[PDB]
Amino acid sequence: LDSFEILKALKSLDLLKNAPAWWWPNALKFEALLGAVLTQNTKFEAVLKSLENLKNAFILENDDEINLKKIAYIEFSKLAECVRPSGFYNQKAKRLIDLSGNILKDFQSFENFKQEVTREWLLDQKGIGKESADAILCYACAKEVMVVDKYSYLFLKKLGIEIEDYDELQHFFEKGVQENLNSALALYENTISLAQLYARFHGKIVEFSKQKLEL
Ligand SMILES: Cn1cnc2c(N)nc[n+](C)c21
């Protein structure tokens, strides 16, 4: 039992039949970063509502560099109101404003941020935990990082492997793929990157978990 065996078994279920290519809607865009922060301690359906609020208020429009600056400089109390649906909205608004201001300060642009950001930089941003930091790296920045979470902990535990520490659980999931890299990629025909693979693999675990299925 390794993560490559799990990948194959998950892949055979076609859990992503209706999902976009990177699973996370609007992957590789500022919106994915916003979602990665907002989804902490809540359900993604609520995240989608907060995003729609930001879009309906024209805070988030089609230019990501403009959107980054909009969040860096938005009045705190206005952002807090818009992100109410995803909960912890005062904390999350501050987290997003400080994060966006710090991205501009250290990376000048969202484009450069995607290239230069590290996990440690993200972890030094107050309120950003490993899961959110990792989701930004993989789903906003196309980095070769697999997000793990409570779902993945419980999913694996059920299969007979218990890994409580976030980083060790992530390493279990990443390593099975690394160790069988050609075979993993060949499940798709060399049409996708490893980052995209982890993007989808974490997606499969989430969908499998949400669906209450049996491997
Ligand atoms: C975090 N995240 C991103 N895309 C998601 C989805 N489709 N369903 C559930 N979650 C948690 C998601």
Side-chain angles (χ1 to χ4, degrees), residues 16 18-42 44-48 50-119 121-122 125-128 131-145 147 191-200 202-203 206-207:
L16 302 191
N18 296 307
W22 282 65
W23 179 71
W24 205 292
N26 295 127
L28 310 176
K29 294 230 105 223
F30 189 60
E31 186 181 321
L33 175 156
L34 294 173
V37 174
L38 295 174
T39 198
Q40 177 194 282
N41 292 318
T42 192
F44 197 63
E45 294 54 48
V47 177
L48 290 181
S50 295
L51 296 179
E52 272 297 287
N53 283 351
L54 294 167
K55 298 190 213 210
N56 299 337
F58 314 113
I59 293 164
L60 186 59
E61 273 172 302
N62 302 306
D63 184 325
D64 278 6
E65 294 309 342
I66 288 166
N67 294 161
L68 172 55
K69 286 186 174 81
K70 283 277 181 58
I71 308 297
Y73 290 91
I74 196 172
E75 181 145 29
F76 170 80
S77 92
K78 172 154 194 204
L79 180 50
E81 280 307 300
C82 309
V83 300
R84 277 190 101 100
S86 40
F88 315 102
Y89 56 90
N90 295 284
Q91 292 167 89
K92 275 166 183 190
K94 181 59 150 40
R95 201 169 292 163
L96 288 174
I97 290 166
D98 284 347
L99 163 69
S100 298
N102 280 345
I103 287 175
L104 292 166
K105 192 199 194 206
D106 290 358
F107 302 106
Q108 297 73 51
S109 72
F110 182 66
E111 189 176 325
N112 188 53
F113 164 87
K114 297 199 264 168
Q115 175 181 295
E116 287 314 305
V117 65
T118 59
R119 199 202 209 196
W121 190 91
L122 285 166
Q125 302 313 301
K126 184 151 184 176
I128 288 131
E131 181 178 342
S132 291
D134 290 352
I136 290 170
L137 295 171
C138 172
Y139 294 98
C141 307
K143 299 298 188 206
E144 286 167 359
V145 172
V147 177
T191 56
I192 77 163
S193 65
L194 172 58
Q196 191 184 346
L197 194 145
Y198 287 152
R200 288 180 73 89
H202 164 63
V206 172
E207 301 295 343

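Hydrogens, waters and symmetry mates are skipped; everything else that's a heavy atom, side chains included, is used. Index from 1, following the sequence.
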Do [X] and [Y] come within less than 4.5 Å of each other through their side chains, counting heavy atoms only?
| X | Y | result |
| --- | --- | --- |
| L137 | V147 | no |
| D134 | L122 | no |
| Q91 | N41 | no |
| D98 | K126 | no |
| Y198 | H202 | no |
| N67 | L34 | no |
| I136 | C141 | yes |
| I66 | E61 | no |

Show the nearest heavy-atom pair for residues [X] and [Y], with the distance to one decimal.
| X | Y | result |
| --- | --- | --- |
| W24 | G35 | CZ2-C, 3.6 Å |
| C82 | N53 | O-ND2, 2.8 Å |
| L104 | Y73 | CD1-CE1, 4.1 Å |
| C138 | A195 | SG-O, 3.9 Å |
| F44 | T39 | CD1-OG1, 3.7 Å |
| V37 | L99 | CG2-CD2, 4.0 Å |

What is the distance from atom [atom1] of [X] to atom [atom2] of [Y], rounded to the nearest 0.5 Å?
| X | Y | atom1 | atom2 | value |
| --- | --- | --- | --- | --- |
| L33 | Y139 | CG | OH | 14.5 Å |
| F110 | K29 | CZ | NZ | 8.0 Å |
| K105 | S100 | NZ | OG | 15.0 Å |
| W22 | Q196 | CH2 | CD | 5.5 Å |
| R95 | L79 | CZ | CG | 12.0 Å |
| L54 | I74 | CG | CD1 | 6.5 Å |

Are any of the side-chain nitrogens in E81 or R84 under 4.0 Å away from the carboxylate oxygens of its partner?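 Here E81 pairs with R84 in a salt bridge, since their nearest N and O are under 4.0 Å apart.
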Determine whether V117 and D106 satisfy the following criterion, side-chain contact (heavy atoms from CB on, under 4.5 Å), listing intermediate values before the conclusion. CA-CA 9 Å; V117 65; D106 290 358; over 6 Å; no
For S86, does its backbone N or O pair with a side-chain atom of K92 as donor and acceptor, under 3.5 Å?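 A pair under 3.5 Å: yes.
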Does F107 offer a backbone N or O that forms a donor-acceptor pair with the side chain of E116 under 3.5 Å?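 No, the answer is negative, given that no donor and acceptor are paired below the 3.5 Å cut-off.
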Give a yes or no on whether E111 atom CD has more than 12 heavy-atom contacts from other residues, nucleotides or ligands under 6.0 Å away.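 Not buried by this count: 12 neighbours or fewer within 6.0 Å.
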Decide yes or no on side-chain contact (heavy atoms from CB on, under 4.5 Å) for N112 and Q115, but give the supporting numbers first. CA-CA 5 Å; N112 188 53; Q115 175 181 295; 4.2 Å; yes
Would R119 and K143 count as a side-chain contact (heavy atoms from CB on, under 4.5 Å) if you check the C-alpha gap in whole Å, the side-chain angles of each, and the deciding distance to 0.1 Å? CA-CA 10 Å; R119 199 202 209 196; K143 299 298 188 206; over 6 Å; no
Walk me through it: do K70 and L60 pass the test side-chain contact (heavy atoms from CB on, under 4.5 Å)? CA-CA 8 Å; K70 283 277 181 58; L60 186 59; over 6 Å; no
